[PDB]
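A closer look at the structure
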Amino acid sequence: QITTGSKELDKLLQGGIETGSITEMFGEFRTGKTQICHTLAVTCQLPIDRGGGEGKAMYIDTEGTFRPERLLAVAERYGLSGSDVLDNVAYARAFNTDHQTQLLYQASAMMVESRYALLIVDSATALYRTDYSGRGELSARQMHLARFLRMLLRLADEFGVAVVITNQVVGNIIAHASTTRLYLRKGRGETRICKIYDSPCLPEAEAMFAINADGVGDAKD
Amino acid sequence: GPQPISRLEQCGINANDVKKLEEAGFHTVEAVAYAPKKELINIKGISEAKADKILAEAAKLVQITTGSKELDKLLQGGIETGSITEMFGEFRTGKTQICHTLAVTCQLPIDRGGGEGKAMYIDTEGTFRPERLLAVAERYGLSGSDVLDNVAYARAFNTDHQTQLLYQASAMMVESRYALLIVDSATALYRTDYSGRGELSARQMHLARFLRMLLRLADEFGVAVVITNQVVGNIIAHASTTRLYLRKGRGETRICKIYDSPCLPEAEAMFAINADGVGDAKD
Amino acid sequence: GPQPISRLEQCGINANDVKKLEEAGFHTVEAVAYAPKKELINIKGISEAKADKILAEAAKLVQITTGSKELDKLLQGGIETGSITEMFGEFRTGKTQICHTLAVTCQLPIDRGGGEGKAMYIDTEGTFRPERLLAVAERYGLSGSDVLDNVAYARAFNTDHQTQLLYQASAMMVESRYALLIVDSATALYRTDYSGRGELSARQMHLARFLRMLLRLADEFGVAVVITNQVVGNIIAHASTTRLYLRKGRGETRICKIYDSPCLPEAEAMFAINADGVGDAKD
């Protein structure tokens, strides 16, 4: 399992994020999502005995919120080489769903070509909403979203990777495709609350977590 | 004795309506001869006149070891063949491994705390593997391969597909003696499908008919029914004939309480989870 | 680079049909190399074959001081360029004097709490004066009279007039670097122009179109955006790169809270207002 960077959020997840999975983390804006993604992108490169997946992260950025500075701040927390981390977090930025899907044509081929522990498509649902903004586009946007999810699930099952998609509450097949779902909601200061909203195995349960120079860390207070 | 719905078609009901009865959970004349019209009318495409014809035509017609001896001693012998018993519990209580143990041990001689027949294993959650059963079987002295054939496995992603796997149980359980009927994380497909707060009444109705299906099947075939449930509904606390509470004791060692039972003593027992299945704790 | 979208005409789409993309709000190649199929098909008369040709042909081609050092320290240096800040909270709390301060200070070298460019100043409330910029400029050693032209001021009477000033900005911002784009009382016209409570969805989707112009201007040419909101929305929390809450402290003292930030902590700082703009709390 890959560490979220919080042992207590990992204990809510019963050992951390799962290699061979799709995860969706959701609720309001600013509820951990991008900082979880940056933390995972680094920590997945750790030994499995150290709490990683022994492999690279793809980071598909839908939004421009990707930062090498936040990757370096997490790399040095775990004594990882900063510049190798910046290369092992394979960066690609997309303003739209067709380029997001073209980056899954690249990533489903390219993930053969190194050991990857993770793939991130941060804020994926925002591209669907801003590209398929015409209300009537329901069946097409849902089946493009289902195509995208099946490509991510192919990546998860084919490479044994954890796969990460993030959602701001502002389509529902994400809940079916997600192996554990996290309803992340508001906390106090840079602290935040995690709830497991859905898993077929794990119950409804909760944990506090923190956003620091650590990346994501335990909310010891 | 039992009253199977395989008698209904020949009265005049078309086979695909009898299949809609089976796939909705009415596996039996013991579910359609003495039943309210509304329950038949609720089934997809079946009219009120077809419900009338179904009723008129049907009126022409009509203990297993958990692997822990200490938890079985709390159960005064183990899980009762021809009953529903529910275990509900905390995060990482290993509930699938309890189920894989019961799935193996139900095949044993009843005097060993057996059940002398197969298990169904309806899955919701993908925590099953054939390997899980293999490493369990070799403790109890069963053949691991025949144990897979004796633990009829399929996964559902939704409660209709899950109800259809209880149809597969209802048809196929005639071909061998089943001692057990597992639905692993049975409530979880209701939670995936009916997470929308307002849909709780439809979950309760679908789950109530599903709990009845499990009870009819237990009465029809003499199966124990084992259903595993999650601590953060109460319909299962009285649809089950006794309730079991699981908490997070230390390591793979889990505490069970008989949480409610006006017959079996409402006390506690301690058990471990192993590759060999559930066993008694050693310090 | 901010490369003009007009280059697409040399690639295969006809001249006037390429110019539809400027009218829809993309003015560079980089924006449309990263467009989707369906959003181009929302632009007037674009088919699947025109959209594919556009995407393929485009893909072939391709901190500012607030005036308070303590609020700049709270903001981990002050306002970033290529950004969207929303400041909200009670009336008379200083939002327009923070705007007059940022309007001067963005013209400075980044070293002196700067932004290295000219500023747009959209206003809806009419609380701007050229005379306010002068007393702020001389504190920051800027030429106050050039600050009156380096601030491209405009009032809007109504929401789409406010948006049409972003069309003027979108033609302008190709020509040379702007560091800032203020929109004083940005939300107030939506409340005067969609005042019935059933209209709020239309106000929010019109404000989302205005925010998409601000967003694509901020990425396509690098402006900081300063939207100010009156008090006495759920999409705007994600569109803003930080949210700020203001309230009245004692006398001329004002309180700033980081209400919502993606890396800054949600802490509080104490500031003041005088003729020179926003000062620190130095009573």
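Looking at the method and resolution fields of the entry, one finds cryo-EM and 4.12 Å.

Before going further, it helps to examine the overall build of chain B. Within chain B, the secondary structure is distributed over eleven helices and nine strands. For 283 residues, the compact-globule formula gives about 19 Å, and the C-alpha radius of gyration of chain B, at 19 Å, lands near that figure. Overall size of chain B, expressed as C-alpha extent along the three principal axes, is 65 × 40 × 35 Å. Put simply, chain B shows about 12,700 Å² of open surface, and 49% of that area lies on carbon and sulfur atoms. Charge separation in chain B, taken as the distance between the mean sites of 33 positive and 36 negative side-chain charges, equals 4 Å.

Evaluation of the coordinates by the stated rule reveals 21 aromatic pairs over all chains. Ring geometry for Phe26 of chain A and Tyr197 of chain A: centres 5.1 Å apart, planes at 90 degrees, overall edge-to-face. Judged by its relative accessible area of 30%, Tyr197 of chain A falls in the partly exposed class. Ring centres of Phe88 of chain B and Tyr259 of chain B lie 5.2 Å apart, and the angle between their planes is 90 degrees; this geometry places the pair in the edge-to-face category. Taken together, the ring pairs connect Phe26, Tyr183 and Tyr197 of chain A into an aromatic cluster. When the ring centre of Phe26 of chain A is taken as origin, the NZ or CZ atom of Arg181 of chain A, which lies over that ring, is 5.4 Å away.

Glancing now at helix α5 (residues 97–110) of chain A. With 14 residues, α5 of chain A extends 19 Å between its outermost C-alpha atoms, agreeing within 8% with the 20 Å of an ideal straight helix rising 1.5 Å per residue. All of the buried residues along α5 of chain A are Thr97, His99, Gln100, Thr101, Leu103, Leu104 and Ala107 of chain A.

What follows concerns the interface of chain B and chain A. Contacts between chain B and chain A engage 16 residues on the former and twelve residues on the latter. Summed over both partners, the interface of chain B with chain A buries about 1,200 Å², with 56% contributed by carbon and sulfur atoms. The largest share of the area that chain B buries against chain A comes from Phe91, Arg92 and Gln230 of chain B, three residues that together contribute 41% of it. Across the chain B-chain A interface, the total number found is zero salt bridges. Connecting chain B to chain A are four residue pairs in polar contact.

Opposite the 22 residues of chain A that make contact, chain C presents 23 residues. Across the chain A to chain C interface the summed buried area is about 2,000 Å²; carbon plus sulfur atoms make up 56%. Contact with chain C buries area across many residues of chain A, yet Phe29, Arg30 and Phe95 of chain A alone supply 31% of it, more than any other trio. In this structure, the connection of chain A to chain C is made through four salt bridges. Scanning the region where chain A abuts chain C turns up seven residue pairs in polar contact. Taken together, the elements giving at least two residues each to the side of chain A that touches chain C come down to α5 and α6 (124–131) of chain A.

The subject of this paragraph is the packing of helix α1 (residues 15–24) of chain B against helix α8 (residues 159–172) of chain B. Angle between the axes and distance between the axes are the two parameters that describe a pair of packed helices. Residues and elements named next belong to chain B. At a closest axis distance of 7 Å, the pairing of α1 and α8 adopts a crossing angle of 110 degrees. Taken together, the axis directions place α1 and α8 in an arrangement best described as roughly perpendicular. Contacts between α1 and α8 involve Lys19, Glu22, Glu23 and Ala24 on the former and, on the latter, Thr163, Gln164 and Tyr167. The class makeup of the residues in the contact of α1 with α8 is two nonpolar, two polar and three charged.

Before going further, it helps to spend a moment on the sheet that holds strand β9 (residues 277–280) of chain B. Residues and elements named next belong to chain B. Taken in spatial order, the nine strands line up as β3-β2-β4-β5-β1-β6-β7-β8-β9 in an open sheet, and their pairing is mixed. At either end of the open sheet lies a strand with only one pairing partner, and these are β3 (151–155) and β9. Ignoring strand direction, the axes of neighbouring strands in this sheet form an average angle of 25 degrees. Sheet topology places strand β8 (residues 268–274) next to β9; four bridges connect them, and they run antiparallel. Residue pairing for β9: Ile273 is matched across the bridge by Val278. Its contacts with the sheet put helix α6 (residues 130–140) on β3 and β9, and the angle it makes with β9 is roughly 40 degrees. In the packing of helix α10 (residues 200–221) onto the sheet, the strands contacted are β1 (83–89), β4 (178–183) and β5 (224–230), and the crossing angle to β4 comes to about 170 degrees.

Residues and elements named next belong to chain C. Strand order in this open sheet of nine strands is β3-β2-β4-β5-β1-β6-β7-β8-β9, and the pairing throughout is mixed. If you trace the sheet from one side to the other, it starts and ends with β3 (151–155) and β9 (277–280), each paired once. For this sheet the average axis-to-axis angle between neighbouring strands, irrespective of direction, equals 25 degrees. As defined by bridge partners, strand β1 (residues 83–89) adjoins strand β6 (residues 242–248) across five bridges and the pair is classed as parallel. Looking at the pairing, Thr85 lines up with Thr242 of β6. Across the sheet, helix α6 (residues 95–105) lies against β1, β2 (118–123), β3, β4 (178–184), β5 (224–228), β6, β8 (268–274) and β9, angled at about 165 degrees from β4, the strand it touches most. Helix α9 (residues 159–172) rests against β2, β3 and β4 of the sheet, and its axis sits at about 165 degrees to β2.

Once that is clear, we can look at unusual backbone geometry. Of note, the phi angle at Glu116 of chain B is positive, near 60 degrees, even though the residue is not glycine. Among the secondary structure elements, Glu116 of chain B is positioned in the loop between α5 (95–105) and β2 (118–123). The backbone phi angle of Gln76 of chain C is positive, close to 50 degrees, even though this residue is not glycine. Turning to its location among the elements, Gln76 of chain C is positioned in the loop between α5 (69–74) and β1. Residue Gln76 of chain C is classed as exposed on the basis of its relative accessible area, which comes to 54%.

The subject of this paragraph is a positive patch on the surface. Positive charge collects at one region of the surface, where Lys7, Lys11 and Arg77 of chain A together with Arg92, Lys248 and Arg250 of chain B lie side by side. Considering the arrangement of structural elements, one finds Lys248 of chain B in the loop between β6 (243–247) and β7 (253–260). For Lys248 of chain B, a relative accessible area of 36% puts it in the partly exposed group.

A word on the pairing of β6 of chain C. Along a regular strand, successive side chains alternate from one face of the sheet to the other. Residues and elements named next belong to chain C. Of the strand pairs in this sheet, β6 and strand β7 (residues 253–260) are connected by six bridges, and their pairing is antiparallel. Within β7, the position partnered with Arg247 by the bridge is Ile255. In this structure, the hairpin formed by β6 and β7 is closed by a connection of four residues, where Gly251 is found at a positive phi of approximately 60 degrees.

Attention now goes to the pairing of β8 of chain B. All names here are of chain B. Here β7 pairs with β8 via five bridges, running antiparallel. Residue pairing across strands places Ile255 opposite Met270, the latter belonging to β8. Counting the residues between successive antiparallel strands, the hairpin from β8 to β9 contains two residues.

What counts, and where the lines are drawn
Residues numbered from 1 in each chain as written, not as in the entry; some residues may be left out. Chains lettered and ligands numbered in written order. Part of a larger assembly, values for the part shown. Heavy atoms only, no water. Helix = DSSP H or I, 4+ residues; strand = E, 2+ residues; numbered from the N terminus. Rg over C-alpha atoms; globule rule 2.2 N^0.38 Å. Areas by Shrake-Rupley, 256 points an atom, 1.4 Å probe, with all protein chains shown as cover. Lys, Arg positive; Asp, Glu negative; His and termini not counted. Charge placed at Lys NZ, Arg CZ, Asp CG, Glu CD. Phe/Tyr/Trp six-rings, centres within 6.5 Å; stacked < 30°, edge-to-face > 60°. Buried < 20%, exposed > 50% of the residue type's maximum accessible area, 1.4 Å probe, protein only. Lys NZ or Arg CZ within 6 Å of the ring centre and 35° of its normal. Expected span 1.5 Å × (residues − 1). Contact = heavy atoms within 4.5 Å. Buried area = accessible area lost by both parts, 1.4 Å probe. Salt bridge = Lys/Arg side-chain N within 4 Å of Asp/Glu carboxyl O. Polar contact = N/O pair within 3.5 Å; in protein donor to acceptor, adjacent residues only side chain to side chain. Axes fitted to C-alpha atoms, helices over the stretch in contact; angles between N-to-C directions. Parallel < 35°, antiparallel > 145°, perpendicular 65-115°, else oblique. Nonpolar A, V, L, I, M, F, W, Y, C, P; charged D, E, K, R; others polar. Pairing = 2+ DSSP bridges. Patch = residues over 30% accessible without salt bridge, like charges linked within 9 Å, V, L, I, M, F, W, Y side chains within 5 Å.

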